[PDB]
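Take a look at the structure set out below.
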Amino acid sequence: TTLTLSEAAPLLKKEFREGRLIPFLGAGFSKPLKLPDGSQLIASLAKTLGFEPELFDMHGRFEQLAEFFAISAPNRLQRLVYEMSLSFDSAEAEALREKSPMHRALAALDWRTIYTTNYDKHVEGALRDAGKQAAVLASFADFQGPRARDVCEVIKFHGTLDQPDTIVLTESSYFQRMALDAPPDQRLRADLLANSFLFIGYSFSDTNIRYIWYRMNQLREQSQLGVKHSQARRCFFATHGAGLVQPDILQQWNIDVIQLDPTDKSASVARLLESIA
Amino acid sequence: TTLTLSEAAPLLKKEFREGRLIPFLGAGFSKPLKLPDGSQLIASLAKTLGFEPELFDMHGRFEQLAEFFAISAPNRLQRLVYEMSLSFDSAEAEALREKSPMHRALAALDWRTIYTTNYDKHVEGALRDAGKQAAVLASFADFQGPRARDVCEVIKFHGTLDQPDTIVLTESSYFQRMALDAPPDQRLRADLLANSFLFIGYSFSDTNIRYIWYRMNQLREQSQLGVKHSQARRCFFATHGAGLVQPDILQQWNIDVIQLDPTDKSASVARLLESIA
Amino acid sequence: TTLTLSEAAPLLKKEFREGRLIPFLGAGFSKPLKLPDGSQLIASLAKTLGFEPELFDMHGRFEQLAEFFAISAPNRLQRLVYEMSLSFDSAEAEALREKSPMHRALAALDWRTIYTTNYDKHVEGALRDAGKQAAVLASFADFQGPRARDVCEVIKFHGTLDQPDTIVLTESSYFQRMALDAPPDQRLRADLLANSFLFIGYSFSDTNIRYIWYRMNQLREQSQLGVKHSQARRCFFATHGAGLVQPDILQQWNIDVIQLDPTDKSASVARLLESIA
Amino acid sequence: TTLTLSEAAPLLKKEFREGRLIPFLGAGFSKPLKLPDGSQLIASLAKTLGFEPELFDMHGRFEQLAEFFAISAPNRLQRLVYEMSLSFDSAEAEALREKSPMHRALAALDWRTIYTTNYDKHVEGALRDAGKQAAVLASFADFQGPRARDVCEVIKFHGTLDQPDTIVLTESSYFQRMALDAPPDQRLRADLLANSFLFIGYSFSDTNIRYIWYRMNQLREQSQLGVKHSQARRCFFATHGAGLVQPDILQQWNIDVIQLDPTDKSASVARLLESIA
Amino acid sequence: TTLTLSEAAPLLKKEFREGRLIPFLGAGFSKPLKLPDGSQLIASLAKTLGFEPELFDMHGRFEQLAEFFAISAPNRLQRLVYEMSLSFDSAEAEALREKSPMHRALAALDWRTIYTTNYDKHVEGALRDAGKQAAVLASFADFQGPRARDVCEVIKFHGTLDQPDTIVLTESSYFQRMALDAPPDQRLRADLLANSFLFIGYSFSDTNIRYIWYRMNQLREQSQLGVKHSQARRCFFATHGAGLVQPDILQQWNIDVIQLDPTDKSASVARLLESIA
Amino acid sequence: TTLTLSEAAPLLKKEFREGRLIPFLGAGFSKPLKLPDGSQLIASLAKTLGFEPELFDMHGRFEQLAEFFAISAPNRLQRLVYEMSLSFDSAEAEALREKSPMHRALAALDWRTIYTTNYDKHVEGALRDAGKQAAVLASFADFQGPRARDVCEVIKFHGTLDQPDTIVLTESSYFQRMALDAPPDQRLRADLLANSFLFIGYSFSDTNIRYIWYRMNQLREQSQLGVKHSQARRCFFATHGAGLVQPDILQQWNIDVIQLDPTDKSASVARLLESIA
Amino acid sequence: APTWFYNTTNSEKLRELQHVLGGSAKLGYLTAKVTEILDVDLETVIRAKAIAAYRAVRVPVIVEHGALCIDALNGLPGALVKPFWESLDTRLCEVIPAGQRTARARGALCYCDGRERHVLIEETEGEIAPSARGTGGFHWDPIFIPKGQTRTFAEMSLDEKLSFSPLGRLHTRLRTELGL
Ligand SMILES: O=c1nc[nH]c2c1ncn2[C@H]1C[C@H](O)[C@@H](COP(=O)(O)OP(=O)(O)OP(=O)(O)O)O1
Ligand SMILES: NC(=O)c1cccnc1
Ligand SMILES: NC(=O)c1cccnc1
Ligand SMILES: NC(=O)c1cccnc1
Ligand SMILES: NC(=O)c1cccnc1
Ligand SMILES: NC(=O)c1cccnc1
Ligand SMILES: NC(=O)c1cccnc1
Ligand SMILES: [Zn+2]
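Protein sequences, first through last, are from chains i, j, h, t, u, s and L.
Counting in the entry's author numbering, the first sequence runs from 2 upward without gaps.
Counting in the entry's author numbering, the second sequence runs from 2 upward without gaps.
Counting in the entry's author numbering, the third sequence runs from 2 upward without gaps.
Counting in the entry's author numbering, the fourth sequence runs from 2 upward without gaps.
Counting in the entry's author numbering, the fifth sequence runs from 2 upward without gaps.
Counting in the entry's author numbering, the sixth sequence runs from 2 upward without gaps.
Counting in the entry's author numbering, the seventh sequence runs from 2 upward without gaps.
Pasting the structure below:
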């Protein structure tokens, strides 16, 4: 009911040599850089507001606690971006990034499009470390700006720290992305029409990501394809610790789960990215 | 920062005598009828699937555990509706409903529209107990069907048990309502343009209810009203146990919190509905 | 107020050598193949219905007269597609297509994406004549189907005759495309975020094409770019006979008009496509 | 014609024990923290634009070269603030700041108001290092925000990096401050009515600072005080390398020059701040 | 729509214990000292000019009738200041000032700044009666003069009788203060950035006071704060007899009205100043 | 990115025949009369003060070195005006002015208003040479003085040598003009509301000229005109040697640059003024 | 309506706190059942008990937990006193050697408003009785004799027990810090 690493490796080679495999990188991909995930941010927002971090967690979800933070005082969200810039893109996080085996194995492949939902320059920065060049696309001005001819386009799906208007963190910013009208939303839905995705270090907790894969099946089911042909183009979900409910929800959306070895999280991902080559 | 019962009582009389107050009833309004809330359903779905009820709860949210239930076997959702009908609308739940002080105090007022998100005939059934007559509107055929002239229209916002296609319980049914295209969605957004609402026994956990009040502020903020005039039409949220984060999120959406006495939940609601008269 | 051919030629070379120019081909591009435009179809639908072709034209617009045709009798639209297939893709239209100077000049360039709104295999057929290979993408199954690595993708925006469910001709099919949810709609809106377009043989009479360029400015104006930077990425509209109102409407949407010589329509287009090389 | 360190020391003790001495700190005060001054920023802006740093310097003044940078591309100023935040407020600039003798000698005194024109948290950060607490005031929301009772207010006169809308760097932002209507402008002109200032590490090159001291003399000369009484309240300008023209311009504005020893710039400033105690 | 005395008392205690409450005293604060208000001056100017006091009142406003008085003859304004000195600061007005309950309750609090618009030494004289010491600041030479360390600064906003050049009474002197360039104007606009004010005995009839609170909202509205945060810092307007129009004009400028009991004007003010302690 | 002479010639004919073109003449317009520019004055001020002219230049800007000159001794500025009058308006500068092709081509056109920033009678003197009559307006008494009916008004924007109080040369005189309250300032800002200007021989180095064009855009941007209509009324900047930064700063202010041939400066200007006719 | 809620399932603790803090109209009463963590430290258990009771009742809550640290058992039970009196009822007087009967009766209140947890701790020196005596009171009151006194908590009335017990000093500290 779940692919292993050796089973999923010839399936990922076929989609990569055809140029139809696109990585989707989450907050767990920057975990070996000693960065906060979605839980250590809330522990830092609770310290500023005067909450204990265990009491602040039980008043709402991740989107709702950041919405409460941003309206506590004026200019409270601007300060968070400034602080995150200092801690996510610091020089010691740069130094952990050249010697990271996941970021080396990611940049060794010749991708054309990479999607990320984390606010740090460590996915395009991994491509600059390997001598390659990348193109960060986050806002409308980036898509219409000049690029080079054949350069890997890194789509910052949730925003970048150097453009603080593009960061979606609060609940009102997730509701603004439910219209699927932002330039990262329109680019994602067109790439999903034709490409397989590889989710690495990401857990489907964002209700706007799950809503995009929902509405691709409304195109898939209305097109009245067979049992054989509607199940042909799959997406892949590499996860150490998926539960018992979530892999069966995603089978509806043509998403297969690749079970990685949970003893060493960083080496299991790196062996997956080296098996694509 | 929070209205009491005596403070909110003249504010609710003014909106009721103008005919611009509409109740919105949740799952906590049927709690004195000994019915399951959103947690005792999941304890019953876990027993059917072979889970322990505490282990089944930590694999996903309420929408996602019901999505996992409905795809476990064919016709598994149809059986749930049948079981819920026999338990929610049973004869002993009818007998607890005439002697309930909340349902008597609700039906004593001369409402014109009532919205509910629970699957039971105990809100329109409370109106039949007081000699009044109600009109259940759940699907497209109900809105175009014949009614009488001046009859309280009970809008089953999430569906009714006698029309099992209208029940939204699973995650895919909540995503289908994100388009705001269903007949209860279109009727709600037009009533929200002109009326104050009174949330009784409901907690804002549905991401499609919160998204409707989100997009009413996008009309409110784009209309460029003043500080005084954009804050004039309020909605009211009667809750015994609102936390510390959620009342400040809802102040954005012109929703005021009415703190009820948590020692006796049923008598606190009944004194609120009697203060409107 | 309007570019000439020699003025627009260095502007089209710059966008083509960067790989950011995409042709958009209309019904006037298949006019030298002796095919009907939008007016000779209505003259053929009026003959079947028993109308005089001048009396049938004054009862509605092009979308509405085809909607009236399709509901006159059962299977009346299926017959039209069959008749169009025999007339549009006939062998004598193939023979006029190798010796056409526009189709030779189009296929001489190394495009990557071509959009068309006409129902004929004469744009991808022009690429097969030059030894190149093309990939027709019209439905959801085409986008998820297998292609080769670097092949010009011809996006049949309004449908193809070999897939009769994809043809949008009647008014109800244009209203179904107003949701911008079809796979050619989602691919167009993502290519418009990053690329200049060249409209050849097309007149903006479709209210779903004009609505897509409308909503790209709602992204452009909300992004609050300057006067200089919001006017940088232009689109180009080659037309022999644009009026006095329509070029000023399209200046709002960053669409520049290239005035071609109306004495010989086919040679003026061919000199434009040869100036890009 | 110029005060020495021992001559100016009893003049600074008298104004400090009366509570009427306010420091004004410039870009040279953060020079021992290995930060750029106004010339190494322009060397960094020229590298991004593709200029040689000596050729870029001769096309305009400091305000005008930053105005040219900010309009070269969209979001070009936002990136600069992000880069400056990671370079100015880095952890190795924090570590040089505790062992800096100027920042220790500044925080040893019990000031009430400090003005700075540099974008770094190293003046209020020096007060946090000495156990004291500071209050950064940069925007309108900071002045109306809550503070404590007796806390040194650090007025970021040109803006702060955690509030990027307050940074005045380009020429258009200096012209916007010529109206003297910003909250740091209004607070400065009222403190100048009653207090002596001590300029440390600042050179009068900003035409909005010089315009404020200009218009204080228009109040001083119109009040028709004597020769003795109009020259009583002085301001002090500690500078290693003032030229031959600028000290005589500032004598008009009751600004006296304190000549510091130019052999060691950091130790000369530290002996001045220790002589006030 | 209007605060009472018991409602406004905890709001004034909070701003006073933080040191952010500043009294603003008008001509009605010296009414129990048997002094003229703005109407009995005009009755005295009409007697000198040979007018009947009811006929002189209907030829212009208060500013314009004093402008007509000052240009009737040479040295006519100097005589008025001399006459006012004899009647406002007389010994029998001193004797009514120690036994006045408002002036005792004002001096019992430990203020730091007091603004007045009346020409009499009965606000700083009330502080000398309670053993405290005050510092009158009216002109440019007073702001740069020597004071003590922690002494309540009484800002004579419209001038003092011992400095007759500072008195603004005529229309030309109000127009000279529209530039907001005088030393009491610059000190007021900087204190308004950070402090709540308490208007006692003053009615907003001066068009230069109303223009200062106008231009503080132009800073407040351009800073784009929320509905919650732009309404946080309030000012207070204690008045026995405010009409129906003026309290709603001042709600725009964050000025709340405290309704005092109009039966005894002196005792209602004294209970307000004792409730702050 | 820069107009040539033949491109800008039909644009200047259209504004001239409508009477909406006004010349703005700088110090480079009197360069063929062998007069000092802004650099040879400073070489003459350094000789009087005892400086070497290369050492005097590096102690401040042009405004600041003249401020240092004027306060070196009493009556030092008056002597400079007397010396300038003898050198600028000498008889041999008159004789070079009739045979100058620029001054003949300027006076051949029928202007109505001419602005100059140089202290010499060679712009109105050029009009007297062509038989026309001019009206010099420099001070308040000139604007209210008698003129004839239809006579070209020459606005000496920085002053005239026959009225030495109107000359703005020192830094304190430029700061006095920052209020934009002088009669040449008020006349310029009203002519800029309705007219195109032609800058000939002037380089934007005066921070009060640049501040006037700054604040015309604050009226232009607040009026919320479109992209098309806010860019309609242009100003023109004829310059042989504009750099790389300054033409892009002035595009913000609707100022277009006309590149003249730098081999012969006098003949390039004369061909521009003859192309307007 | 109350603003603070004292949560206990023990109906004997309820009548003690209503004997002194009963007339306060700002204090309500709830009966939610929580599960304590396994630790002998009183400060650790009472702090984890308030976060587990706020999660149940979702109002500003006040919880209470005690300790009976004994010198002969090196501090045992500590905050593990609830399963000792269940297991060893009056044999707890017998498992402790005669001659080193000294012990501390500790008690802690922790109030949680939803954002902060503040712990108030009082403490009473004493010694375990040689045998259980007295009828009043409740759990382990017949075995504890305070220092100086000869009688147990069970032998004394409710006014006299609260002049020795840790709760009699915790009434005034809870009333002052909460304004009850
Ligand atoms: O001052 C006291 N005087 C006499 N006995 C006491 C006291 N304080 C606690 N005790 C007893 C009661 C219980 O048997 C055990 C504490 O355990 P404890 O968890 O707090 O009791 P519980 O679970 O039944 O009620 P609650 O829900 O308030 O925790 O020691
Ligand atoms: N940049 C990151 O690693 C990150 C972590 C958590 C949330 N968003 C971003
Ligand atoms: N009918 C109900 O009371 C109910 C409860 C919980 C969820 N849905 C319905
Ligand atoms: N295939 C075509 O040329 C065509 C013409 C008119 C309308 N649709 C298609
Ligand atoms: N804060 C700084 O170091 C700085 C440097 C240069 C210009 N402005 C600020
Ligand atoms: N000193 C006063 O009472 C007074 C009265 C009227 C006007 N100005 C001052
Ligand atoms: N009169 C002039 O030409 C002149 C020259 C230099 C500076 N100012 C004026
Ligand atoms: Zn317990």
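Cβ coordinates follow ideal geometry from the N, Cα and C atoms, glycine included.
Test: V228/j CB closer than 7 Å to a CB of chain u: yes
For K157/j, list the residues DSSP reports as bridge partners. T117/j
Could you list the residues in the segment 199 to 217 of chain j with a C-beta less than 7 Å from some C-beta on chain i, going in chain order? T208, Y212, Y215
Is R188/i near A191/h, with beta carbons less than 7 Å apart? yes
Assumed close pair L199/t, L22/t - CB separation to whole angstroms, cut-off 8 Å: 6 Å
Here's the rule I'm using: 16 or more other beta-carbon atoms within 10 Å means buried, otherwise exposed. How should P263/i be labelled? exposed
Opposite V58/L in the DSSP bridges: which residues? Its beta-bridge partners do not exist; DSSP assigns none.
At 8 Å on the CB atoms, spell out the chain u contacts of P184/t, in chain order. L194, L220
If we count the other Cβ atoms within 10 Å of its Cβ and call it buried at 16 or more, is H159/t buried or exposed? buried
Give me the DSSP bridge partner(s) of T240/i. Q260/i
For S197/h: DSSP bridge partner residues: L22/h
My guess is that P143/L and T153/L are in contact by the Cβ rule of under 8 Å, so how many angstroms apart are they, rounded? 6 Å
Taking DSSP as the reference, what is the three-state secondary structure of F145/L? strand
Residue environment, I72/h, which counts as buried when at least 16 other CB atoms sit within 10 Å: exposed
Work out the CA separation of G202/j and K266/j for me, nearest whole Å. 9 Å
Does ligand 6 have a heavy atom nearer than 6 Å to the CB of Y215/t? no
In its own chain, which residues sit with a C-beta less than 6 Å from the C-beta of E154/s, not counting the 5 before and 5 after it? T114, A136, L138
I72/u - containing alpha helix (DSSP H), residue span: Run containing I72/u: none; DSSP gives neither H nor E here.
CB-CB under 7 Å to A243/u, same chain, minus the five flanking residues each way: which ones, in chain order? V258
List the residues of chain i that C113/L touches, going by C-beta distances under 8 Å, in chain order. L56
Tell me which residues pass a beta-carbon proximity test against ligand 7: closer than 6 Å to any heavy atom, given in chain order. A28/s, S31/s, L36/s, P37/s, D38/s, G39/s, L42/s, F89/s, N119/s, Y120/s, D121/s
According to the Cβ coordinates, are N209/i and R178/i closer than 7 Å? yes
Please confirm whether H123/i and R98/i have their CB atoms less than 7 Å apart. yes
Report all residues from its chain with a CB closer than 7 Å to the CB of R77/j; omit the five preceding and five following residues, and keep chain order. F70, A71
For the alpha helix (DSSP H) holding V270/s, just list the boundary residues, first then last. 266 to 277
Along the segment 52 to 76 of chain t, what residues have a CB closer than 8 Å to any CB found in chain h? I72, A74, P75
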